[PDB]
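**Student:** what would the 3D arrangement of this be:
(8 chains, ligands or ions: 116)
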Amino acid sequence: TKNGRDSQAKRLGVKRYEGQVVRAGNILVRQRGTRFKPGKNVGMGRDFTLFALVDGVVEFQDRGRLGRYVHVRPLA
Amino acid sequence: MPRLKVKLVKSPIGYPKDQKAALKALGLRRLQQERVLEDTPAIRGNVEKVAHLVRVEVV
Amino acid sequence: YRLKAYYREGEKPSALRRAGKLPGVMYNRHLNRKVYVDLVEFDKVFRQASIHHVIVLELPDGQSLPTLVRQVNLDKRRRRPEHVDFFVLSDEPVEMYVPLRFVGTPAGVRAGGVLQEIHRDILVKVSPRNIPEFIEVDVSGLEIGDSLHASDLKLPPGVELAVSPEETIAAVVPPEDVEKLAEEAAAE
Amino acid sequence: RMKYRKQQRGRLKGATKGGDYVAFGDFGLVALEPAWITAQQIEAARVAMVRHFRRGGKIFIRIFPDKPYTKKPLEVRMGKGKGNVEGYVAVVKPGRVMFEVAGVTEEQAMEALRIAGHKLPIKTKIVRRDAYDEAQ
Amino acid sequence: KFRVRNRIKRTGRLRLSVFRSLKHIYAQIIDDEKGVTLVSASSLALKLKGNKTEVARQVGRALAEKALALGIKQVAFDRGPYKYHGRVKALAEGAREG
RNA sequence: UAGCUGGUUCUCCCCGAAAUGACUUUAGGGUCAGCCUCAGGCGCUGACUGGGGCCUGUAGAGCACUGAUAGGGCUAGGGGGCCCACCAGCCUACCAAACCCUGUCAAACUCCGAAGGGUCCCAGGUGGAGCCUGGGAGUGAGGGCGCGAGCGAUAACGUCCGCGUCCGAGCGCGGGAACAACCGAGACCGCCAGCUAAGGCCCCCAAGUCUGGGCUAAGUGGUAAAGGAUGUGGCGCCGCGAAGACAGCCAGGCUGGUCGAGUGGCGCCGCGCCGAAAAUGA
RNA sequence: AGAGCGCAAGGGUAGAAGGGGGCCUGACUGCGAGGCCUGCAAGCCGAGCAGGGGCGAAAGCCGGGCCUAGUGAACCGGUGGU
RNA sequence: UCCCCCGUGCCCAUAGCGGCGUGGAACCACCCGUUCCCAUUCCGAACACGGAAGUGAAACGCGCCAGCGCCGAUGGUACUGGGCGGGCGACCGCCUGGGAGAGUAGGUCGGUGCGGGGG
Ligand SMILES: [Mg+2]
Ligand SMILES: [Mg+2]
Ligand SMILES: [Mg+2]
Ligand SMILES: [Mg+2]
Ligand SMILES: [Mg+2]
Ligand SMILES: [Mg+2]
Ligand SMILES: [Mg+2]
Ligand SMILES: [Mg+2]
Ligand SMILES: [Mg+2]
Ligand SMILES: [Mg+2]
Ligand SMILES: [Mg+2]
Ligand SMILES: [Mg+2]
Ligand SMILES: [Mg+2]
Ligand SMILES: [Mg+2]
Ligand SMILES: [Mg+2]
Ligand SMILES: [Mg+2]
Ligand SMILES: [Mg+2]
Ligand SMILES: [Mg+2]
Ligand SMILES: [Mg+2]
Ligand SMILES: [Mg+2]
Ligand SMILES: [Mg+2]
Ligand SMILES: [Mg+2]
Ligand SMILES: [Mg+2]
Ligand SMILES: [Mg+2]
Ligand SMILES: [Mg+2]
Ligand SMILES: [Mg+2]
Ligand SMILES: [Mg+2]
Ligand SMILES: [Mg+2]
Ligand SMILES: [Mg+2]
Ligand SMILES: [Mg+2]
Ligand SMILES: [Mg+2]
Ligand SMILES: [Mg+2]
Ligand SMILES: [Mg+2]
Ligand SMILES: [Mg+2]
Ligand SMILES: [Mg+2]
Ligand SMILES: [Mg+2]
Ligand SMILES: [Mg+2]
Ligand SMILES: [Mg+2]
Ligand SMILES: [Mg+2]
Ligand SMILES: [Mg+2]
Ligand SMILES: [Mg+2]
Ligand SMILES: [Mg+2]
Ligand SMILES: [Mg+2]
Ligand SMILES: [Mg+2]
Ligand SMILES: [Mg+2]
Ligand SMILES: [Mg+2]
Ligand SMILES: [Mg+2]
Ligand SMILES: [Mg+2]
Ligand SMILES: [Mg+2]
Ligand SMILES: [Mg+2]
Ligand SMILES: [Mg+2]
Ligand SMILES: [Mg+2]
Ligand SMILES: [Mg+2]
Ligand SMILES: [Mg+2]
Ligand SMILES: [Mg+2]
Ligand SMILES: [Mg+2]
Ligand SMILES: [Mg+2]
Ligand SMILES: [Mg+2]
Ligand SMILES: [Mg+2]
Ligand SMILES: [Mg+2]
Ligand SMILES: [Mg+2]
Ligand SMILES: [Mg+2]
Ligand SMILES: [Mg+2]
Ligand SMILES: [Mg+2]
Ligand SMILES: [Mg+2]
Ligand SMILES: [Mg+2]
Ligand SMILES: [Mg+2]
Ligand SMILES: [Mg+2]
Ligand SMILES: [Mg+2]
Ligand SMILES: [Mg+2]
Ligand SMILES: [Mg+2]
Ligand SMILES: [Mg+2]
Ligand SMILES: [Mg+2]
Ligand SMILES: [Mg+2]
Ligand SMILES: [Mg+2]
Ligand SMILES: [Mg+2]
Ligand SMILES: [Mg+2]
Ligand SMILES: [Mg+2]
Ligand SMILES: [Mg+2]
Ligand SMILES: [Mg+2]
Ligand SMILES: [Mg+2]
Ligand SMILES: [Mg+2]
Ligand SMILES: [Mg+2]
Ligand SMILES: [Mg+2]
Ligand SMILES: [Mg+2]
Ligand SMILES: [Mg+2]
Ligand SMILES: [Mg+2]
Ligand SMILES: [Mg+2]
Ligand SMILES: [Mg+2]
Ligand SMILES: [Mg+2]
Ligand SMILES: [Mg+2]
Ligand SMILES: [Mg+2]
Ligand SMILES: [Mg+2]
Ligand SMILES: [Mg+2]
Ligand SMILES: [Mg+2]
Ligand SMILES: [Mg+2]
Ligand SMILES: [Mg+2]
Ligand SMILES: [Mg+2]
Ligand SMILES: [Mg+2]
Ligand SMILES: [Mg+2]
Ligand SMILES: [Mg+2]
Ligand SMILES: [Mg+2]
Ligand SMILES: [Mg+2]
Ligand SMILES: [Mg+2]
Ligand SMILES: [Mg+2]
Ligand SMILES: [Mg+2]
Ligand SMILES: [Mg+2]
Ligand SMILES: [Mg+2]
Ligand SMILES: [Mg+2]
Ligand SMILES: [Mg+2]
Ligand SMILES: [Mg+2]
Ligand SMILES: [Mg+2]
Ligand SMILES: [Mg+2]
Ligand SMILES: [Mg+2]
Ligand SMILES: [Mg+2]
Ligand SMILES: [Mg+2]
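**Tutor:** Numbering: from 1, shown residues only, chains lettered A, B, ... in the order given. Ligands and ions are numbered 1, 2, ... in the order given. And now the structure:
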């Protein structure tokens, strides 16, 4: 035939979860598109990679129309 | 958290790894072995998952 | 029709059926109660009763409720009723599938045709007092290739079609013997 | 038909969605056992049906084969089967309604459906009609 | 339309919602993440005369006095569906000129 | 030279694997990781479990999207019958786009969605648990069975992955007639002690020719299908019937007489009969 | 939102990543807290710092293209520089 | 504190689509004009500036209606962690804990912060 083909797995998805302590810069979640939006103290890079901008705890916030956001609540 | 007498009666030979680990947590060595433990929510959950192996007693 | 109902509470839904009782529940804009009729009784009752005529349920509370089966859960794997809904009426108008007696010898069956019949019953807004055993359908002038729609129904007084004013009701299709078998076997 | 080449085998689990209720016609035919029903099996039944009662009423076929039936040419293991040999099949689970007649007598139907049974692989039953629908 | 508004929202604190009427020109210092206005120097519906542009300059100076009193200084302006050029221009124009 | 085959000698004691992944002129060979072990560190951190939060697109179901689809309606286009080129008009048990209804299907469809799993926090958990550094390895053909898919023919003691397991290494013990992996069970040594486990308690063969309540006349049991049949027992319904029914006997072509208590058709459950032919003796 | 997003498919997206103009060349140098992934090597995301600069009134964005392919250890040798 | 407005953030269709009614004192819009700042690949439709008078028609604000849309129990299933039984097999069944989708009843023309103008 002519089929046996596939690009190796990219291992994306939720990397960090809500209620997890995070350093500054830890990739919070790798993703295909905008399956998750940025938020409080959370930036993103060319591949739509979400990552902490501060130290603290992750939190997820669903907002229907707006979409799903993820932020880190600072504290020390 | 009254006492819980638990006696092992069905050999774990053949049951899943997790199950054997449960008996280890409760501290069950050999067959027909006695063991009285508190009735904490945690200790329950284990004794529950091995219920088909042991006979529980409310002491 | 009458039917001896009972109150349910904790009885095992499945273990119940094995006994001989059919699970069910009555309810309306204000009511909600676990019940359970009898299989054999409900059977012969609901056979004719179906879901066009009303049935008062006699609870041990002596209460005579004017209910009708809003829905029945038929069990897959060899048909048989699993569970039964019971909508309790009052005086406010209520929608429901009313029967339909198609009466007449359509031109279709004359030239050798087929008794097509879409909606063997029709949902219609209506007061609880109005309990039309059925509705006359003037099917007779219907020839092969023709059909009859909702916008052409004979509505009794105090009733309205709670459907689409264009829905079909019945039709007249052809046979299908030799002419199709020989022709289809080659033309395919 | 139309869609694309080959499909998984899949297993026939519970008789769930496979099964319904006489939705057209007067009498019906219901499956007791699961199976893949071939295109030739349907045609075999349909024709045996009408041919029984000449110039008959109307026959409804509610099931429909869309699963490509794969099959290899009597060799070994290179790639997937060419398939298509038996053509296609319909995932028929117990309780399903294959055929149902209309505009005809009870004897004609009771015989015709009985006949179109032997044409099928599965052990089947004939249902009348009752009144089991969904209303009030 | 309000692309600009969203941009500044994520920027930081102390937004400056400049909503202007066909004859009026209000201005609020709204801090997001709580939704509370601070210095709300209205225009025509406040006290000022009648000359949109020159009125805008002064109302800006109005915010300034009320703002520097509360210890504010983040010039987080809010273009608010408006082209920075005229009325709105003077707002922050005077507001930042003092 | 031999990445191949064969051979490798005393005892006791503790622990105890793997047949996987990645690359490999690699595929019966290696190197790193994984799993075993030993020494020195650390010390409640471990498997498993309780509560909590977050993540997820399966089973199921569904038709909102991508597509499939049987019938019907409504309806553009095309084919044909009337008419004539003043091109349009009328019909149309012909094929049918879009739309609606009824009814369905889909690994590569999903408006929706379990159980469950993954992870972090707090807690129980002292275990041949756990983590850090280092010494020594072997292993890198795996196989049955259960479950979930592919391939195959919904074949194979088939094949290829996933979770689990046992054999491997427990061809040590009990059962299963016999029999790695099915059921029971994890064998330090001794005993002419006792309770059990699966499985059994008529004889070979240890223990009930034990008790009570039904069914089965085929040795069914002692292990085969579509389909066929007044087998037998038990349950429910429909048609006729003391205003005389079914059956037979008299007469006419349903009706009468006689006798005199039930009779005919359908559906469901239990056990059973047929379908049932192979080669050394059952 | 069934279009568009150069190209396969997918996730994503009009509260722009899409269509159109104005100015411009951050398809910069020197670095890199901390992570994803992972046997090794490799691949990936990146706040922020200093230099000098672009667009915007400004808060601010810019270390190439909506993102996931468009590629090749080491050796040997070529050309230009300190 | 109460009521109507104007600016704005939260909840994310029970906020919406469509139908009828209402508000111009204030506020907002439409509106008058195109000389100045500024602008449309063409137009003062849009951005923009200066402003009588007129209007609430359009737009927005506030109400009411449910026909579409949306939300949507309860009961009972399907499915299924864990446990187990029957049959020769394709498969079927029970115990224990969890439990949908669809469908029925039914709900719905919004709750709500903070500042500001007005009686
Ligand atoms: Mg592959
Ligand atoms: Mg992949
Ligand atoms: Mg960047
Ligand atoms: Mg980019
Ligand atoms: Mg075992
Ligand atoms: Mg676990
Ligand atoms: Mg009637
Ligand atoms: Mg006609
Ligand atoms: Mg017609
Ligand atoms: Mg008509
Ligand atoms: Mg194609
Ligand atoms: Mg192809
Ligand atoms: Mg296929
Ligand atoms: Mg059915
Ligand atoms: Mg060969
Ligand atoms: Mg058959
Ligand atoms: Mg707020
Ligand atoms: Mg050992
Ligand atoms: Mg590689
Ligand atoms: Mg190898
Ligand atoms: Mg080979
Ligand atoms: Mg070799
Ligand atoms: Mg190693
Ligand atoms: Mg831990
Ligand atoms: Mg832990
Ligand atoms: Mg937990
Ligand atoms: Mg939380
Ligand atoms: Mg699963
Ligand atoms: Mg699926
Ligand atoms: Mg499915
Ligand atoms: Mg559709
Ligand atoms: Mg047709
Ligand atoms: Mg048609
Ligand atoms: Mg139409
Ligand atoms: Mg024509
Ligand atoms: Mg002709
Ligand atoms: Mg002419
Ligand atoms: Mg013509
Ligand atoms: Mg004709
Ligand atoms: Mg036709
Ligand atoms: Mg439907
Ligand atoms: Mg739902
Ligand atoms: Mg969930
Ligand atoms: Mg769970
Ligand atoms: Mg969950
Ligand atoms: Mg967990
Ligand atoms: Mg200890
Ligand atoms: Mg060990
Ligand atoms: Mg160990
Ligand atoms: Mg080590
Ligand atoms: Mg080591
Ligand atoms: Mg293997
Ligand atoms: Mg295995
Ligand atoms: Mg087959
Ligand atoms: Mg298969
Ligand atoms: Mg086969
Ligand atoms: Mg292999
Ligand atoms: Mg082992
Ligand atoms: Mg072992
Ligand atoms: Mg042996
Ligand atoms: Mg053995
Ligand atoms: Mg062995
Ligand atoms: Mg063994
Ligand atoms: Mg057993
Ligand atoms: Mg072991
Ligand atoms: Mg005993
Ligand atoms: Mg016995
Ligand atoms: Mg006896
Ligand atoms: Mg047999
Ligand atoms: Mg049989
Ligand atoms: Mg015969
Ligand atoms: Mg025969
Ligand atoms: Mg007998
Ligand atoms: Mg029988
Ligand atoms: Mg007689
Ligand atoms: Mg014989
Ligand atoms: Mg798109
Ligand atoms: Mg861009
Ligand atoms: Mg465009
Ligand atoms: Mg362009
Ligand atoms: Mg440009
Ligand atoms: Mg680093
Ligand atoms: Mg690395
Ligand atoms: Mg790249
Ligand atoms: Mg300089
Ligand atoms: Mg960039
Ligand atoms: Mg690119
Ligand atoms: Mg761009
Ligand atoms: Mg990617
Ligand atoms: Mg070399
Ligand atoms: Mg007032
Ligand atoms: Mg008025
Ligand atoms: Mg004018
Ligand atoms: Mg001009
Ligand atoms: Mg001029
Ligand atoms: Mg233009
Ligand atoms: Mg103008
Ligand atoms: Mg008006
Ligand atoms: Mg209005
Ligand atoms: Mg409504
Ligand atoms: Mg809905
Ligand atoms: Mg919602
Ligand atoms: Mg619901
Ligand atoms: Mg429920
Ligand atoms: Mg668990
Ligand atoms: Mg299980
Ligand atoms: Mg439960
Ligand atoms: Mg739910
Ligand atoms: Mg629901
Ligand atoms: Mg729905
Ligand atoms: Mg309300
Ligand atoms: Mg409210
Ligand atoms: Mg508000
Ligand atoms: Mg308030
Ligand atoms: Mg007053
Ligand atoms: Mg007043």
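**Student:** quick one, strands of the chain?
**Tutor:** You didn't say which chain, so I picked chain A. Using DSSP state E, the strands found in chain A span residues A:13-14, A:21-22, A:27-30, A:42-44, A:50-52, A:56-63, A:67-74.
**Student:** right idea, wrong chain: chain E
**Tutor:** Counting by DSSP E, the strands of chain E are E:15-17, E:28-31, E:36-40, E:77-78.
**Student:** and among those strands, the most buried is which?
**Tutor:** Highest mean neighbour count among the strands of chain E (mean count of other CB atoms under 10 Å in any protein chain shown): strand E:77-78, with a mean of 22. All C-beta atoms are positioned from the backbone trio N, CA, C, and that covers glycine.
**Student:** ok, back up a step: just put the strands of chain A in a markdown table and tack on distance to residue B:28 and mean neighbour count.
**Tutor:** Formatted as a markdown table, the strands of chain A follow (distance: least, CB to CB, whole Å; neighbours: other CB atoms under 10 Å in any protein chain shown):
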| stretch | distance to residue B:28 | mean neighbour count |
| --- | --- | --- |
| strand A:13-14 | 38 | 14 |
| strand A:21-22 | 37 | 15 |
| strand A:27-30 | 42 | 20 |
| strand A:42-44 | 48 | 17 |
| strand A:50-52 | 45 | 23 |
| strand A:56-63 | 39 | 15 |
| strand A:67-74 | 44 | 17 |
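**Student:** out of these, which gets nearest to RNA strand H?
**Tutor:** Of all those, strand A:56-63 sits nearest to RNA strand H, with 4.5 Å by CB to the nearest atom of the strand.
**Student:** residues touching residue 16, list them.
**Tutor:** Since you didn't name a chain, this refers to chain A. Residues in contact with residue A:16 (CB atoms under 8 Å, 6 or more residues apart in numbering or on different chains) are A:22, A:26, A:27, A:28, A:29, A:58.
**Student:** that was the other one, I meant chain D.
**Tutor:** C:76, D:93 are the contacts of residue D:16 under CB under 8 Å, 6+ apart.
**Student:** three-state assignment of it?
**Tutor:** coil (DSSP: H, G, I helix; E, B strand; the rest coil).
**Student:** residue C:16 too?
**Tutor:** Per three-state DSSP, residue C:16 ends up helix.
**Student:** coming back round to it: got JSON lines for the strands of chain E, with distance to residue D:34 too?
**Tutor:** Formatted as JSON lines, those follow (distance: least, CB to CB, whole Å):
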{"stretch": "strand E:15-17", "distance to residue D:34": "65"}
{"stretch": "strand E:28-31", "distance to residue D:34": "66"}
{"stretch": "strand E:36-40", "distance to residue D:34": "66"}
{"stretch": "strand E:77-78", "distance to residue D:34": "66"}
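**Student:** dump these to TSV, plus distance to ligand 13.
**Tutor:** TSV is the format used below for those (distance: least, CB to the ion, whole Å):
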stretch	distance to ligand 13
strand E:15-17	60
strand E:28-31	62
strand E:36-40	64
strand E:77-78	61
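**Student:** among the strands of chain A, which comes closest to residue E:45?
**Tutor:** strand A:56-63 (33.8 Å; CB to CB).
**Student:** partners of the closest one in the sheet?
**Tutor:** Sheet pairing of strand A:56-63 (DSSP bridges) gives strand A:21-22 (antiparallel), strand A:67-74 (antiparallel).
**Student:** so the last one, near RNA strand H or not?
**Tutor:** It refers to strand A:67-74. No: Strand A:67-74 stays clear of RNA strand H (CB under 7 Å from any atom of the strand), getting no nearer than 8.8 Å.
**Student:** so which residues make contact with that strand?
**Tutor:** By CB under 8 Å, 6+ apart, strand A:67-74 touches A:22, A:28-29, A:34-42, A:50, A:52-63.
**Student:** now the shortest one
**Tutor:** By CB under 8 Å, 6+ apart, the list of residues contacting strand A:21-22 from outside reads A:16, A:28, A:52, A:55, A:56, A:57, A:58, A:72.
**Student:** ok, these vs residue B:43, which is closest?
**Tutor:** Set against residue B:43, the nearest of those by CB to CB is residue A:57 (30.9 Å).
**Student:** list the residues that contact that closest one.
**Tutor:** Contacts of residue A:57 (CB under 8 Å, 6+ apart): A:18, A:19, A:20, A:21, A:22, A:72, A:73, A:75.
**Student:** distance to RNA strand G added to the residues you listed, as CSV?
**Tutor:** CSV is the format used below for the contacts of residue A:57 (distance: CB to the nearest atom of the strand, whole Å):
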residue, distance to RNA strand G
A:18, 16
A:19, 16
A:20, 10
A:21, 10
A:22, 8
A:72, 12
A:73, 17
A:75, 17
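**Student:** ok, of the residues you listed, which one's closest to residue C:124?
**Tutor:** Of all the contacts of residue A:57, residue C:124 sits closest to residue A:18, with 52.8 Å by CB to CB.
**Student:** contact residues of chain A facing RNA strand H?
**Tutor:** Residues of chain A lying near RNA strand H by CB under 7 Å from any atom of the strand: A:61, A:62, A:63, A:64, A:65, A:66.
**Student:** just the strands in chain D please.
**Tutor:** D:28-31, D:35-38, D:58-61, D:67-68, D:88-92, D:99-102, D:124-127.
**Student:** is the longest one anywhere near RNA strand H?
**Tutor:** Read it as strand D:88-92. No: Strand D:88-92 is not in contact with RNA strand H by CB under 7 Å from any atom of the strand; minimum separation 10.8 Å.
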